[PDB]
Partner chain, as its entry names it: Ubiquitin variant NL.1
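What follows is one chain in structure tokens, specifically the form deposited without its partner chain.
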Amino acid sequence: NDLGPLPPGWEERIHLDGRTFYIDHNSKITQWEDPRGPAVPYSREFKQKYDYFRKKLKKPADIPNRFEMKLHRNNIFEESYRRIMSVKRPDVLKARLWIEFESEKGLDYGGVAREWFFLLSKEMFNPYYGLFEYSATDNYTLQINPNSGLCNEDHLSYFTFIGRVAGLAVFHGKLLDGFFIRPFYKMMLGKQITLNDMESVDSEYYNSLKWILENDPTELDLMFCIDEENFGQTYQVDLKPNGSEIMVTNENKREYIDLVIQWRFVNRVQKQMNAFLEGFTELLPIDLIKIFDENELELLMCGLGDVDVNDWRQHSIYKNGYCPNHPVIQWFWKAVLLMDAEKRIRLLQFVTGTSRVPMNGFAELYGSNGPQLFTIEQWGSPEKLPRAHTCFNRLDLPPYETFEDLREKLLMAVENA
């Protein structure tokens, strides 16, 4: 109505007293005044976020009621590309879509649209095509192949098609099967990529940059110039004006790390990510999705798959004196039991690093080096917040005096990514 869309990253909620408050998720603050005080304590709830997001998604009435597609299962990717990118009005895709498979053969997954989304997600997110490549830490999470242009001549068009399909999945309530690294979702949100975010992108770059961050680079005799092995011929690039003859020292460290990350990761995938976002936003402006975090954005796109805590517990190995009968371990599992399904998935993302659970269960759970199981290691003083390592699926759980303290600390850590 006359009020208009809320500013990006804002939400409106109804209090039990009936007065409506406004929550800024970027700063995590509640207020009474309309954006266009204490109010209620901030509570990041994915269910209410999703309800608000779906409510503010409005289907145009001018478009045809039904969006009809005919595809061949042998190569679903190609006909899907042709049909979806042949549409000049993206709003037509906002209309309900019924994908009549060839000869109505079947193979449904509870819905022909869901079956189409499943098979297409299998096809697009296969690194064989070259658009995407498996993450460094995991073997199932994906990322944009920086060399995607070399393999595919029209990689930008295919990335736009993938973005359009993802936008369709989010808009229509269906779910995609591909899980991306955290920097992927951060680049959707327009957030800043940090050194930790490189853990998924490349192990060599992350390890070298971490060494530089912690130790004095003066031993390495580093300049503000990096060598671009990619592209024909090997040549040096200055990260800052007069990069050569400028030496990386303790005062020039974080600037060097930021510039190296920008040149070697962000600059390389920026074009492909921009094409993906251009395809994605044709059905959902970024402002609506900016309320979600990267973790919540992953859940919104790939869905909230219920996690069986019994299988999770049985196929878990404890470390540093923790035992299944240990009071802290069973208290932690009690806290996991009482916590919601979305909170359980957020705990998975906090420790494992992704919401994907292997189809065989938690026995096949992987890691940076290889097959690695969920680990809960004793570490730190009781007061400290739990920490997580997603390269080895490790939760550094301090020994907690009582169940209530452990529950509160674990919830605070899970909520604060």
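Positions refer to the first chain, counted from 1.
Another form, the form solved in complex with its partner chain, is not on view; read the next lines as being about it.
Novice: Could you tell me which stretch in 279 to 287, 201 to 209, 81 to 89, 180 to 188 has residues with non-hydrogen atoms within 4.5 Å of its partner chain in the deposited complex?
Specialist: Contact criterion met by 81 to 89 only.
Novice: What is the one choice in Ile291, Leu120, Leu347, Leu131 with a heavy atom within 4.5 Å of its partner chain in the deposited complex?
Specialist: Looking at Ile291, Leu120, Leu347, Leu131 one by one, just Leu131 meets the 4.5 Å heavy-atom criterion.
Novice: Going by heavy atom distances of 4.5 angstroms or less, which of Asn196, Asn215, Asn274, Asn139 would be at the interface with its partner chain in the deposited complex?
Specialist: By the 4.5 Å criterion, the partner-contacting residue is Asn139.
Novice: Would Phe77 sit within 4.5 Å of its partner chain in the deposited complex, counting heavy atoms only?
Specialist: Yes, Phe77 is a contact residue.
Novice: Using heavy atoms and a 4.5 Å limit, would one call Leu220 a contact residue for its partner chain in the deposited complex?
Specialist: Flag for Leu220 set to no.
Novice: Going by a heavy atom distance of 4.5 Å, is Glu102 a contact of its partner chain in the deposited complex?
Specialist: No, no contact at 4.5 Å.
Novice: With heavy atoms only and a cut-off of 4.5 Å, decide whether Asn152 touches its partner chain in the deposited complex.
Specialist: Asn152: contacts its partner chain in the deposited complex.
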